[PDB]
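Participant: Chains as they are written, first to last, in the deposited numbering: chain X, 2 to 145; chain V, 1 to 87; chain C, 34 to 250; chain J, 2 to 186.
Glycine residues also receive a C-beta, built at the ideal position from the N, C-alpha and C atoms.
To start, I am sharing the structure in question, which I have written as C-alpha cells.
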RNA sequence: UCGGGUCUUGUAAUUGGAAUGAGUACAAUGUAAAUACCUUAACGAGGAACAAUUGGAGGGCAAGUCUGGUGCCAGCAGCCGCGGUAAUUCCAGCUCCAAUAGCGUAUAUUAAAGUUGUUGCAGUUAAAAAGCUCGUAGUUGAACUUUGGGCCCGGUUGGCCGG
RNA sequence: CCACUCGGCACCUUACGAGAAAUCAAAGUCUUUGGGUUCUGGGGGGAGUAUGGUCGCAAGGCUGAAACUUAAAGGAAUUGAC
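Spelled out as C-alpha cells, the structure:
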C-alpha cells in the first residue's frame, strides 16, 4: 500500500519519516543549521559596508569576451575580503580605493565553460552617495 | 438533466449498451446496432418493424458480442436451446 | 456547389438530418467536413499555434509549418485539429478541416442548484495525453475559467462558463495539453449518473428510414 | 500602549501583470466610466471577491438554517439598497452572476452623468470634485460615493454652488469687475 | 449632384467664456494654550512651468520593420542569448508600454511546489528495494454472540385548501 | 496417450489497462488518487571524500558531511547528412 504505513495509530512513524526526509531539501538544511550566521560573508543580512582595497580587471572569456570591472573590498563588520561587481561605470570614475561602499546581493550565475565568474555582489553606494544618481548625474560625489 | 422550470436542458440522451448497460458515446465506432426482422406467419420479414440491440465497442471488442447476443435473443424468444444460463 | 461522396453526406445535403444530435446519438463516423459546416453555421475557429518545423526530406532541408487549430461553438461542440503542411496558410486551413472532423459534444451541467441554464460541467472529468493530465472540477456560477490561456481558450470555445482545472506532467508541450483537455471534455458524455439510469428504447438510424434515398445510384 | 488601531487594504494586485485581454477590458471599463487608476478597478474586484466568498460559503449550508437565512437576507437587502442587485434577483444564486459593471454603474461618478446633470462622464467627475453637487443637503465630492437607491431622487446642485444658487464664482465676478472698470475707464 | 441637419474623432503651442483647490489670509471654530482639520470675507492658472515619476520596448512578458554614434570599455550581464558597414538585443534622441504619488533593487518567507507528498511523489532502465533469512519493540490482524414483525403516541416541512 | 486437479520454473499472444518509451498478466485494478507493512531518493559535481564513532591482526567494512562550484547531467525513442 504505497510503501508507507496507513494504520490509524501510526502518526509517530509518519512524522519521524518527515523529519528525516526534510534534511534532503536545500533551504531547510541551510536554514536550521545556521549556515548564513556562520560562513556567508554578509552574515545573513541584505546589505553591507566595506572599504575598497583594490580595483580589479577580471576577465570573462567564453563565449562572451568582456573585461569585468570589479572591486576587492574588506568588510567593516567582519574583517572579510570580498570581491564585488560595480555596474554602469566604464571608468569607475566614481570609485577610488580606500572608500566606503554599500554592497548588496547580485544574482549572476557565471559559467564553467570559459571560466567566466559571476561574483555575488553589486555596488549600491560609494562614499554615502547613490551610485545610480552619480551615473545618471543627479548628485555630485565628495571625493574623500 | 432539467432546469428549475422542469424542462430538459441536454443536447441528446445517449444510447446505452444492452450487454453491459453502459453508455455508447458519440464516437464509439467499434460499437454496433443490430436489427432483427420481425417475421410473418408465412415466414416473411416485416419490412419496417425490427427488434433492436446495442452492443458496445468494449463488448464487441472483448470477444463477447456473439454469446451476449445469443443470450439477448433467447431471452427475447428469438433463439431456443442455445444460451444456457448455467455453465 | 459541393457534391458528396458518402451516404451520410447526401443525407445531409438532402435536408433529411437537422442537427448533429442524430450523428452524436448514433456514434457515426464522419468523413465530410461540409456536414459539420452545414450543421454548425455558427462554428467559430481559432488558431492555437503556428510553428516552423525544419524537415530533412530526401537531401532537402525545408521549412514546413505545424498548425494546432481549435474549432468550437459558443455552445457545447468542440474540435481539435493538428496539421503539418509546406505553407503557413495551407497548414492553417487543413488544421481547421481536421478540427472540423473531430468535433465532439460536451455535457455542461450545474453546480449546486438547478436555476436557469447549465453553466458549469456536470461531474469531475480527467483527460490524459503524453504525461499531461488535465482534471476538470465544477465551479459555482460566475467564477470564470481557472485555466492556462490555451486550455482556457479551448474551454471558451465550448460555452463552458465555470470550471476549476488542475494539471500534472510537463504542460510545456501544448499539444499534449490541448489533447488531454480535449479528452477530458469528451469524457463528460461518458460518465453514467443516476439521472440517466432511465431505460430508453433504441431508436432507429437515419440509414434505414431514409434507405431508399441517399443510395449510390 | 493603546488599542492598536485597525485598518485594511482595499484593492488587490492581479496575479499576472501582462495579459492583453485583461488590459483591454480594464481600459474599456476606464473609458466607459472615467477612472484614473487600475486600482480603482481592483477595489471593485476585491469587494466583489469578498461578496462572492460570503455567498459561496453560505451556499454550502443547507436551507432552513438560521445562519444562512439571516446573513443571506442581510446581504441581499444590503445589495438591493444600493441598486446593484435588482428586485427580481433576491436570491443567493443571482449574486454570483452579479458583475463589476453593476457596481460601477451605481457611482455618484456615473449617476451624475446618467441623470443628465453633466455633459460628460469626465465632466461629471469634474462637477463632483469642484463641490457643485449635493445629495439632499450634504455636499459630496468623492466620486466613489456609491449612490444608494433611495438617494437617487436627491442629487442636484448645491445652494453654495453658482450653478445651483449663490453668487457667481471667482473668474465670473473677476471678469464682471474688469468689464465694469473698463466701462468706467 | 449640390447641400439639409444628427453624432464621433483627429489636429490647428486657433480662439471663447466658465469652474475650482494647492497656496496666502481678516475672522470664527478648534485646543489647557496652540498647530492642523472642517467653515469663511479678500487674493490665487491658459496651466509655452501652480510642468508626475519610476522602470522598460528580442523571448518569457505589454511595448521599435525608427534614426544617429558605436563595433580600440564592445554579442551585452537574473534565464536563453542572437551581428559586427548594414544590430527589433550596446549609448543617446524620438516614439511607444506598465503602474501611477508612487515605482525599482537586495535579503528572508509564502504561493506557484503533487520538487517533502496524511490528503498527494518516486524507487526495471531517468536519483533510490539493504546479499539473503530468522527475530524483539513498533504497525496491522478471519468470521460468528436480538433479527424480523405488530401496536399506539405526538412532532417539522411540503402540498389540497385558505378559515 | 486422453480428460481433470493442485503446486512450480519458464514461454507466446494480445490490451481491457498501465507507461515517457522500450515494454508489463504485472511495472494492471492510481486524479474516479486509501488491503497491510519494511527500507530508500529529492539537479550535477565536490564525495562515499573530510572528521568522529564502531567492527577487524591487517586489508578494509558500516555510519557519513560541509565549504566551494555549476545550467544542465540525464532515460527512452527517431531519423539520415564526413
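#1: Who are the neighbours of residue 15 of chain V on chain C, taking C-beta pairs under 7 Å?
#2: Helix, strand or coil for residue 48 of chain J, going by three-state DSSP, please let me know.
#3: Hey, is residue 57 of chain J's beta-carbon within less than 7 Å of any beta-carbon in chain C?
#4: Is there a C-beta anywhere in chain C that falls below 7 Å from the one on residue 11 of chain V?
#5: Give me the subset of the stretch 46-59 of chain V whose CB atoms are less than 7 Å from a CB atom of chain C, sorted by chain position.
#6: Determine the burial state of residue 161 of chain J: buried for a count of at least 16 other Cβ atoms within 10 Å of its Cβ, exposed for fewer.
#7: Find the nearest neighbour of residue 66 of chain C within the set C:145, C:50, C:85 and C:132, judged by alpha-carbon distance.
#8: Ignore the nearest five residues each way along the sequence and tell me which others in residue 206 of chain C's own chain have a CB closer than 8 Å to its CB.
#9: Keeping to the same chain, check which residues put their C-beta closer than 8 Å to that of residue 134 of chain C; ignore five residues upstream and five downstream.
#10: Give the range of the alpha helix (DSSP H) segment to which residue 115 of chain J is assigned.
#11: Consult DSSP for residue 34 of chain J and reduce its assignment to one of helix, strand or coil.
#12: The ligand FMN and residue 113 of chain J: does the residue's C-beta get closer than 6 Å to at least one heavy atom of that ligand?
#13: Look at the alpha carbon of residue 189 of chain C and the alpha carbon of residue 107 of chain C, and state the distance between them as a whole number of angstroms.
#14: Starting from the beta carbon of residue 174 of chain C, find every residue of chain J whose beta carbon is closer than 8 Å, and list them in chain order.
#15: Buried or exposed for residue 219 of chain C, going by 16 or more other Cβ atoms inside 10 Å?
#16: Any beta carbon of chain V sitting closer than 7 Å to that of residue 151 of chain C?
#17: Going residue by residue through the stretch 190-218 of chain C, where are the continuous beta strand (DSSP E) segments of at least 3 residues, counting only ones entirely within it?
#18: Alpha carbons only, please: which of J:138, J:182, J:29 and J:54 is nearest the one belonging to residue 42 of chain J?
#19: Unbroken beta strand (DSSP E) runs of length 3 or more, entirely within the stretch 80-168 of chain C: which are they?
#20: Only counting runs of 3 or more residues, tell me where the beta strand (DSSP E) segments fall wholly within the stretch 79-128 of chain X, in order along the chain.
#21: Pairing CB atoms from the stretch 228-238 of chain C with CB atoms from the stretch 72-91 of chain C, are three or more of them under 8 Å?
#22: According to DSSP, is residue 50 of chain C helix, strand or coil?
#23: Within 8 Å, do at least three Cβ pairs link the stretch 227-235 of chain C to the stretch 184-198 of chain C?
#24: I'd like to know whether the C-beta of residue 74 of chain C is nearer than 7 Å to at least one C-beta of chain V.
#25: List, in chain order, every chain J residue whose beta-carbon is nearer than 9 Å to that of residue 204 of chain C.
#26: Are residue 88 of chain C and residue 95 of chain C closer than 7 Å when you measure CB to CB?
#27: Counting along the chain, where does the beta strand (DSSP E) carrying residue 157 of chain J start and finish?
#28: Measure the alpha-carbon distance for residue 187 of chain J versus residue 51 of chain J and round it to whole angstroms.
#29: With burial defined as no fewer than 16 other Cβ atoms inside 10 Å of the residue's Cβ, what is the status of residue 92 of chain X: buried or exposed?
#30: If the cut-off is 9 Å on Cβ atoms, which residues from the stretch 214-229 of chain C count as contacting chain V, listed in chain order?
#31: Applying a beta-carbon distance threshold of less than 8 Å, which residues of chain C neighbour residue 76 of chain J?
#32: Residue 73 of chain X lies in the alpha helix (DSSP H); which residues open and close that run?
#33: For the stretch 241-249 of chain C and the stretch 141-152 of chain C, state whether three or more C-beta atom pairs, one from each stretch, are separated by less than 8 Å.
#34: Give me the Cα-Cα distance between residue 64 of chain V and residue 160 of chain C, rounded to the nearest whole angstrom.
#35: For the stretch 97-104 of chain X against the stretch 123-134 of chain X, do three or more pairs of beta-carbon atoms, one drawn from each stretch, fall closer than 8 Å, so that the two count as touching?
Facilitator: In short, the structure shows the following:
#1: 58 and 235
#2: helix
#3: Between residue 57 of chain J and chain C, the shortest Cβ-Cβ separation is below 7 Å.
#4: yes
#5: 52 and 54
#6: exposed
#7: C:132
#8: Answer for residue 206 of chain C: 163 and 165, listed in chain order.
#9: 63, 64, 66, 69, 112 and 114
#10: 109-115
#11: In the three-state DSSP reduction, residue 34 of chain J falls in the helix class (H, G or I).
#12: Judged by which ligands are present, the structure shown has none, so any question about the ligand FMN falls away.
#13: 7 Å
#14: 94, 97 and 98
#15: buried
#16: Interface residue, yes.
#17: With a minimum length of 3 residues, the continuous beta strand (DSSP E) runs that stay inside the stretch 190-218 of chain C are 196-201.
#18: J:29
#19: Complete beta strand (DSSP E) runs here, min 3: 93-105, 110-118, 136-138 and 158-162.
#20: 82-86, 101-106 and 122-127
#21: no
#22: The answer is coil: DSSP assigns residue 50 of chain C none of H, G, I, E or B.
#23: no
#24: no
#25: Within chain J, no C-beta atom comes less than 9 Å from the C-beta of residue 204 of chain C; the nearest is roughly 16 Å away.
#26: yes
#27: 156-158
#28: Limits of chain J in this structure are 2 at one end and 186 at the other, which puts residue 187 of chain J out of reach.
#29: exposed
#30: 219, 220, 222, 223, 224, 225, 226, 228 and 229
#31: Against residue 76 of chain J, chain C offers no close residue; the least beta-carbon distance is about 15 Å (beta-carbon pairs closer than 8 Å).
#32: No alpha helix (DSSP H) contains residue 73 of chain X, which is instead part of the beta strand (DSSP E) from 67-76.
#33: With the rule of 3 Cβ pairs closer than 8 Å, the stretch 241-249 of chain C does not count as touching the stretch 141-152 of chain C.
#34: 28 Å
#35: yes
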